[PDB]
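> Mind having a look at this structure? Questions to follow.
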Amino acid sequence: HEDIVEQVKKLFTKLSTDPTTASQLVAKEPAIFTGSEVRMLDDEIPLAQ
Amino acid sequence: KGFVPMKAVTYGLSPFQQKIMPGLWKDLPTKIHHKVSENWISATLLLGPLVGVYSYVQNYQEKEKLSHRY
């Protein structure tokens, strides 16, 4: 662990420091379940799925 | 009595996600105007002979009755 952490601390720089997490980007635009159907009828296929 | 191969695609929505009643009374006057303008000839042809025959019989009967008097 120590070797990896020191190499990482030495190497990972120049990263953008944007103070944005996933919590804000998911808090707006939530996921709502609607309930519907889509039926694709072909009839030249041997199997239905 | 059989079926045919079709190849179509359809989308649907659940019953409990859409307003039901407001569709009846939405735009009544244009529907009424369309129905009248489309079926005026059928209404005319249905109701013509009845009116003509009724008027003719009434006229004949009143003329005869008033001519039988003293």
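Scheme for the structure tokens: letters A, B, ... for chains in order shown; per-chain residue numbers from 1; ligand numbers from 1 in order shown.
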Could you give me, as a ChimeraX atom specification, the residues within 9 Å of residue B:17, counting only C-alpha atoms and dropping anything in the same chain fewer than 3 positions from it?

/A:34-35 /B:13-14

> For those residues, write C-alpha atoms to a file as an mmCIF file, in the first residue's frame.


data_model
loop_
_atom_site.group_PDB
_atom_site.id
_atom_site.type_symbol
_atom_site.label_atom_id
_atom_site.label_comp_id
_atom_site.auth_asym_id
_atom_site.auth_seq_id
_atom_site.Cartn_x
_atom_site.Cartn_y
_atom_site.Cartn_z
ATOM 1 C CA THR A 34 -43.345 5.398 -16.339
ATOM 2 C CA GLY A 35 -44.690 2.057 -17.543
ATOM 3 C CA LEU B 13 -48.942 3.709 -22.709
ATOM 4 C CA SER B 14 -50.482 2.465 -19.476
#

> Once you count only C-alpha atoms, which residues of chain A turn out to be within 9 Å of chain B? Could you give them as an mmCIF file with C-alpha atoms, in the first residue's frame?


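selection-v1.cif written:
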data_model
loop_
_atom_site.group_PDB
_atom_site.id
_atom_site.type_symbol
_atom_site.label_atom_id
_atom_site.label_comp_id
_atom_site.auth_asym_id
_atom_site.auth_seq_id
_atom_site.Cartn_x
_atom_site.Cartn_y
_atom_site.Cartn_z
ATOM 1 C CA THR A 34 -43.345 5.398 -16.339
ATOM 2 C CA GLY A 35 -44.690 2.057 -17.543
ATOM 3 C CA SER A 36 -45.392 1.349 -21.212
ATOM 4 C CA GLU A 37 -44.722 -1.178 -23.973
ATOM 5 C CA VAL A 38 -42.836 -1.501 -27.245
ATOM 6 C CA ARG A 39 -43.866 -4.235 -29.680
ATOM 7 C CA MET A 40 -41.637 -5.046 -32.655
ATOM 8 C CA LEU A 41 -43.407 -7.494 -34.970
ATOM 9 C CA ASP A 42 -41.262 -9.049 -37.703
ATOM 10 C CA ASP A 43 -42.664 -12.568 -38.381
ATOM 11 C CA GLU A 44 -39.803 -13.746 -40.610
#

> Per DSSP on the backbone, what are the strand (DSSP E or B) residues of chain B, as an mmCIF file with C-alpha atoms, in the first residue's frame?


data_model
loop_
_atom_site.group_PDB
_atom_site.id
_atom_site.type_symbol
_atom_site.label_atom_id
_atom_site.label_comp_id
_atom_site.auth_asym_id
_atom_site.auth_seq_id
_atom_site.Cartn_x
_atom_site.Cartn_y
_atom_site.Cartn_z
ATOM 1 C CA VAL B 9 -44.171 -1.670 -34.875
ATOM 2 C CA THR B 10 -46.361 -0.163 -32.122
ATOM 3 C CA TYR B 11 -45.873 1.867 -28.931
ATOM 4 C CA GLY B 12 -48.372 2.051 -26.076
ATOM 5 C CA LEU B 13 -48.942 3.709 -22.709
#

> Extract the full set of helix (DSSP H, G or I) residues from chain A according to DSSP on the backbone, and format it as a PyMOL selection string.

chain A and resi 2-11+22-27
